[PDB]
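To start, the structure under review is shown below, and the notes come after it.
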Ligand code: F6C
Ligand code: CLA
Ligand code: CLA
Ligand code: CLA
Ligand SMILES: CCCCCCCCCCCCCCCC(=O)OC[C@H](COP(=O)(O)OC[C@@H](O)CO)OC(=O)CCCCCCCCCCCCCCC
Ligand SMILES: CCCCCCCCCCCCCCCC(=O)OC[C@H](COP(=O)(O)OC[C@@H](O)CO)OC(=O)CCCCCCCCCCCCCCC
Ligand SMILES: CC1=C(/C=C/C(C)=C/C=C/C(C)=C/C=C/C=C(C)/C=C/C=C(C)/C=C/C2=C(C)CCCC2(C)C)C(C)(C)CCC1
Ligand SMILES: CC1=C(/C=C/C(C)=C/C=C/C(C)=C/C=C/C=C(C)/C=C/C=C(C)/C=C/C2=C(C)CCCC2(C)C)C(C)(C)CCC1
Ligand SMILES: CC1=C(/C=C/C(C)=C/C=C/C(C)=C/C=C/C=C(C)/C=C/C=C(C)/C=C/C2=C(C)CCCC2(C)C)C(C)(C)CCC1
Ligand SMILES: CC1=C(/C=C/C(C)=C/C=C/C(C)=C/C=C/C=C(C)/C=C/C=C(C)/C=C/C2=C(C)CCCC2(C)C)C(C)(C)CCC1
Ligand SMILES: CC1=C(/C=C/C(C)=C/C=C/C(C)=C/C=C/C=C(C)/C=C/C=C(C)/C=C/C2=C(C)CCCC2(C)C)C(C)(C)CCC1
Ligand code: SF4
Ligand code: SF4
Ligand SMILES: [Ca+2]
Ligand SMILES: [Ca+2]
């Protein structure tokens, strides 16, 4: 499966969670930013690696990073 | 002068049309 | 005057030793 | 010559194969199909 | 003559047997062996 | 306001399941097509795998001889052309049987992947056991060799068979 | 069965422990041996044609 | 189509023109187009 | 078992394949106020019925797209759930994980795969040679 990491520069804008097409990310309570929330990736097994979350992330540099790893049936996006 | 090779082959192909329709009618009557 | 039948056969027999040693080395490297 | 079956008509090779096909090649498979049809359990 | 493959070198039957063996006799068994090797379950 | 009109649709969902990636057409579900396909030796009910393989081999090895006989590089002479056709059929059939053997070897390890798993419901792939595949392969090889030899014997005796089918053997 | 084919035998070199397996083996042995012998016979009967085949002599015409 | 062109190439390189797909080897006559030509020529009486 | 009536659909080639019966399958269930036409995830148009609807799909992305871009965005339906169904009949409700949509922060959700630094402080790979840990996984 791919690896999705969230760094402490997250501002809790929830854009990456909204952009994910397979529900890998979710917003969890936090105290490091004004929004009082941070992104999390509890379901990286469903991550396809589309990197839509990285596209949606507004911070510079990215607060969410996707590292492509071992390929599975669902990470390759195979319906067969 | 009898018919040629092409005419015989054309007749064989044309005869397929009543052949298939005969099968359809026979199966329809069997119902 | 090129080599004879016996020389070709001797070369073929001799080439067996590097072949077996290559198989041994490949299997050892696969470990 | 009149020592063999021949044909001056077009495609004289057709009876060469159709006669065996209809009379002693296909009839046994056709009988087999009918036998299966009439012996099928309800 | 130049109507057939020949060989003036020693043991000219050797290409005659080895070209088929290496190029269209053994390669399919070798491919089968490799396929078995790469498809084996852990 | 919304009328799918599925009840009057000439093309129905396949086997009543609209989400099985298939349609009920004249090719897939007509009575004649169903009878023909299901009564082919690959699908005929009750057949042992060896008999399926035997029938398939006979048919395939029979017709595989012809192309090299007619348009092969030995077609200038009858005997050479027939030999080349027989050899081509034998080579193709042996390659196919080796492929079947290695398919059986690699597919049936533990629970097979894909359509040959225990939970698979692929109606088009009914040979779910390795032993069935090996029996099928033996039948395929023997039938293919037999059909190729039968075609080769018929072609080698083409003059005799031509005299036979014209009554020329009744002169004496 | 006596010896290595008994039920309690553990002869790993003799795995065909059933009578039906031996008859299935024999059927394959006979048909395979006949086919292999005929295949060698056909190649030897056609040695002249095969020699021209493997030397390209069939490409003259 | 293209593999047959490659077959023609290889056969010509071997010096085996009789095995080529050509008017003098293994012919592939477009009989339907020729028939259409003949019908269209004979339609006007030529 | 999962309750709901399948939408009106005449069939198509974008449905389930061998993977559905061999490895896994997904089911999206929802409730609509009326019967209306929607777009199937793999092409074609279907009619969702007035009651509770259940749709079988091959990939989780199909269900996520249908629920978000069509059910919520267009039809204002928010009660859809996505389940993963295994060949042995075992079914787990996977979306939403805890009954609250992931984009809305919910108490009790732990931080997963969080790195306590900015991305520019990842160690160089030369540090971790032969250690088996990636720079992003470094402590
Ligand atoms: C490339 C292409 C190509 C080519 C090339 O060009 C070819 C060729 C060729 C040539 C060589 C021959 C002719 C020769 C003459 O003319 O003369 C002789 C005859 C006689 C002798 C004949 C006599 C009579 C007989 C014996 C009868 C028959 C029997 C049956 C088979 C049985 C049946 C059973 C059941 C009922 C079905 C042939 C034949 C063929 N086929 Mg070919 N081909 C091809 C293809 C195909 C395909 C696809 C397919 C489908 C599958 C096919 C089929 C078939 C069949 C069935 C057949 C027969 O029978 C024949 C024989 O073998 O024979 C012996 N191809 N072929
Ligand atoms: C009912 C019409 C009829 C009848 C009685 C015959 C009779 C005959 N034909 Mg024939 N034929 C016909 C129509 C007919 N033909 C038509 C329309 C064609 C053109 C497609 C041909 C083309 C044809 C060829 C090419 C050859 C014959 C030959 C023959 C002879 C041997 C039988 C055979 O091989 O059949 C072959 C028959 C076909 C290839 C196709 C037949 C198609 C017809 C229309 C089927 C009729 C079915 C019938 C109405 C249903 C019966 C119902 C049942 C209750 C009785 C035999 C004298 C052979 C011959 O000349 O031997 C010396 C031969 O080689 N026929
Ligand atoms: C790497 C060296 C090398 C190369 C490239 C070739 C190339 C060739 N040889 Mg050859 N040969 C070699 C060494 C080599 N020879 C040696 C050392 C011997 C004496 C044992 C022979 C004896 C020999 C005979 C008797 C014949 C050929 C023939 C041929 C031709 C057809 C191929 C064939 O049938 O192979 C046949 C090869 C062998 C019987 C033995 C080969 C032994 C070598 C050392 C193996 C090399 C393996 C290689 C290094 C590993 C590759 C690794 C991979 C990652 C690439 C081809 C031009 C045929 C010919 O003349 O056709 C016209 C033929 O009939 N060879
Ligand atoms: C299926 C692919 C295909 C395509 C796209 C074409 C396209 C063409 N062919 Mg052609 N042809 C094909 C296959 C094909 N051919 C085959 C397989 C044969 C051998 C019988 C021919 C024999 C042929 C001749 C003799 C002539 C053409 C000609 C032409 C051209 C005029 C069209 C025409 O009316 O010809 C008519 C074509 C046919 C009647 C061929 C029948 C094609 C059917 C529909 C396909 C059935 C075979 C199928 C591939 C196998 C079925 C598989 C099974 C699972 C069902 C055109 C460029 C003409 C040309 O060159 O004009 C300048 C011409 O004179 N073709
Ligand atoms: C060279 C000529 C050789 C002989 C002709 C072909 C023989 C075999 C033809 C039929 C085989 C498959 C049977 C139907 C396929 C099939 O399964 O059909 C099924 C059909 C309906 O069966 P039931 O009503 O019991 O329903 C069962 C369901 O599975 C299908 O609805 O019943 C029949 O058998 C049809 C009637 C008998 C057959 C009537 C006469 C046959 C055709 C006559 C005309 C021939 C013209 C030939 C033109 C080329
Ligand atoms: C005419 C030439 C045709 C092509 C050459 C022959 C192809 C087949 C040769 C190997 C078959 C048996 C495999 C080993 C028998 C065997 O079971 O070995 C087992 C060996 C170790 O396996 P594992 O480490 O998984 O342990 C499993 C245990 O059961 C054995 O330790 O693994 C291999 O397959 C070896 C490495 C792959 C093969 C390396 C390259 C092959 C040789 C290269 C040099 C060729 C020289 C030729 C001189 C004449
Ligand atoms: C030439 C050619 C070809 C071939 C063709 C063929 C092979 C044909 C065949 C044909 C045939 C072989 C036909 C047949 C037909 C048949 C018919 C026409 C029949 C009919 C029948 C009837 C009408 C009757 C019916 C009935 C009823 C109704 C009921 C009861 C039962 C009965 C059966 C009595 C091809 C395309 C390859 C190519 C081009 C050229
Ligand atoms: C003559 C004669 C004979 C015969 C012989 C023979 C039959 C031979 C053969 C030979 C041969 C046939 C050989 C071969 C060889 C081979 C080789 C020499 C190879 C090598 C290789 C290499 C070196 C490489 C390796 C590798 C590695 C290391 C790893 C990876 C993989 C690879 C493979 C790449 C006899 C005794 C009977 C008798 C007397 C006379
Ligand atoms: C025909 C037939 C069939 C079927 C069959 C099958 C299913 C088969 C399969 C087959 C197969 C399944 C085959 C396979 C093949 C394979 C191959 C062709 C391979 C190759 C390989 C290679 C080429 C390698 C390479 C490499 C690697 C990867 C590594 C190391 C390096 C090297 C380079 C060596 C059926 C039963 C329906 C019926 C009867 C007839
Ligand atoms: C679908 C259909 C069709 C088609 C058909 C076909 C495709 C056919 C084919 C056919 C064929 C292609 C056939 C074949 C057959 C074969 C046979 C019948 C064989 C037999 C064999 C034998 C008898 C052998 C024997 C042997 C052995 C086993 C060993 C020793 C040696 C000998 C040689 C004695 C048509 C279009 C018309 C129409 C429509 C429908
Ligand atoms: C250990 C080794 C070795 C040895 C080897 C050997 C000993 C081999 C042998 C081989 C052989 C000894 C082979 C054989 C094979 C065979 C075959 C491949 C056959 C086939 C057959 C067929 C294909 C048949 C067919 C048939 C039938 C079934 C019926 C009808 C008729 C016919 C003929 C068609 C060497 C020293 C080199 C090196 C080191 C190691
Ligand atoms: S890479 Fe794609 S699937 Fe994975 S978390 Fe990012 S947006 Fe979601
Ligand atoms: S990772 Fe980026 S997109 Fe996601 S919440 Fe943090 S700042 Fe927003
Ligand atoms: Ca007589
Ligand atoms: Ca030639």
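Points worth noting:
- For residue D:40, the distances from its label point to the matching points in the remaining copies are 5.0 nm, ordered from shortest, with each point set 7 Å beyond Cα toward Cβ.
- Ellipsoid equivalent to chain D - semi-axes via the Cα gyration tensor, in Å: 36, 9, 4
- Chain F: angle of helix F:49-63 to the longest principal axis, Cα-based, in degrees nearest 10: 50
- Chain B, rotation onto C, residue closest to that axis via Cβ, with its distance in Å: B:5, 35
- Alpha-carbon centroid distance for the pair chain C / segment F:125-172, whole angstrom: 44
- Overall Cα dimensions of segment F:1-133, principal axis frame, Å, largest first: 74, 39, 26
- Column: log10 I(q)/I(0), Debye, Cα scatterers of chain G, q = 0.28 Å⁻¹: -1.06
- Centre-to-centre separation between the Cα atoms of segment H:18-46 and those of segment I:86-129: 71 Å.
- Per residue of peptide A:40-52, the mean number of Cβ atoms on other chains within 10 Å of the residue Cβ is 3.
- Take F:132-140, I:102-110 and order them by the average number of nearby Cβ atoms within 10 Å per residue, most first; the result is F:132-140, I:102-110.
- Nitroxide proxy distance, nm - points 7 Å out along Cα→Cβ at residue I:104 and residue F:91: 7.1
- The mean count of C-beta atoms from other chains within 10 Å of the C-beta of residues in I:91-102, rounded to a whole number, is 3.
- With R₀ set to 51 Å, the beta-carbon distance separating residue F:166 from residue B:28 gives a calculated FRET efficiency near 0.75.
- The fraction of Cα-Cα pairs per 10 angstrom bin, counted from 0 for segment F:113-167, comes to 20, 26, 20, 15, 14, 5, 0 percent, rounded to whole percents.
- Sorted largest first, the spans of the alpha carbon positions of the protein assembly as shown along the three principal axes are 110, 81, 79 Å.
- Principal-axis tilt of helix H:31-43 within chain H, Cα atoms, nearest 10 degrees: 20
- Percent of beta bridges antiparallel (DSSP, chain I, rounded to nearest 5): 95
- A Förster radius of 25 Å combined with the Cβ-Cβ distance from residue I:97 to residue I:6 puts the calculated FRET efficiency at roughly 0.50.
- Theoretical gain in end-to-end length, residue D:40 to residue D:14 [0.36 nm per residue, Cα-Cα removed]: 5.7 nm
- Principal axis analysis of the Cα atoms in chain A yields extents of 44, 21, 17 Å, listed in decreasing size.
- Peptide A:18-24 is shielded by partner chain Cβ atoms: per residue, an average of 6 of them sit within 10 Å of its Cβ.
- When each of the peptides A:2-13, I:45-56, F:111-122, F:26-37 is scored by the mean number of other C-beta atoms lying within 10 Å of its residues, the order from highest to lowest reads A:2-13, I:45-56, F:111-122, F:26-37.
- The fraction of Cα-Cα pairs per 5 angstrom bin, counted from 0 for segment F:61-172, comes to 2, 12, 16, 14, 12, 11, 10, 8, 7, 5, 3, 1, 1, 0 percent, rounded to whole percents.
- Between residue H:2 and residue D:6, the simple label model (points 7 Å from Cα in the Cβ direction) yields a spacing of 5.1 nm.
- If you wrap the tightest convex hull around every Cα atom of segment I:1-74 and split its volume per residue, you get 87 Å³.
- C-alpha long axis of helix G:19-45 to longest principal axis of chain G, angle in °: 10
- Distance distribution P(r), segment I:78-139, all Cα-Cα pairs, bin width 10 angstrom from 0: 16, 26, 22, 25, 10 percent.
- Residue H:40 versus residue F:119: modelled label distance in nm, points set 7 Å from Cα along the beta carbon direction: 6.2
- A label point on residue C:1, set 7 Å along the Cα-to-Cβ line, lies at 7.8 nm from each of its counterparts in the other copies, closest listed first.
- Three semi-axes of the equivalent ellipsoid, segment I:7-135, Cα gyration tensor, whole Å, largest first: 37, 20, 14
Note: ideal-geometry Cβ built from the backbone for every residue, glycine included; neighbour counts use all protein chains shown. No value in this document is a laboratory result; all are computed from the given coordinates.
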